[PDB]
């Protein structure tokens, strides 16, 4: 059941402005819920504040599209 959800997560994150790919995604089931941790690429010339905004937008987009996700941490790396 996980591969389909992971695809949806990647797809949803990569649609958000400022995301330069999903570098890392670890998702696991906690019962019927998904808990996930993600790293996104961002432009090295974005400010840290902008990167933080992009992370927050990813969290909103992904959580909004995939209802079973109950925890999602997003961080950023220069790419």
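Positions refer to the first chain, counted from 1.
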task = Comparing against every modelled residue in the chain, figure out the third that the C-alpha B-factor of residue 37 lands in (lowest, middle or highest).
result = lowest
task = Relative to the other modelled residues of the same chain, rank the CA B-factor of residue 67 and answer lowest, middle or highest third.
result = highest
ask   = What third of its chain, lowest, middle or highest, does the C-alpha temperature factor of residue 15 fall into?
value = highest
query = Sorting the chain's CA B-factors, does residue 51 end up in the lowest, middle or highest third?
reply = lowest
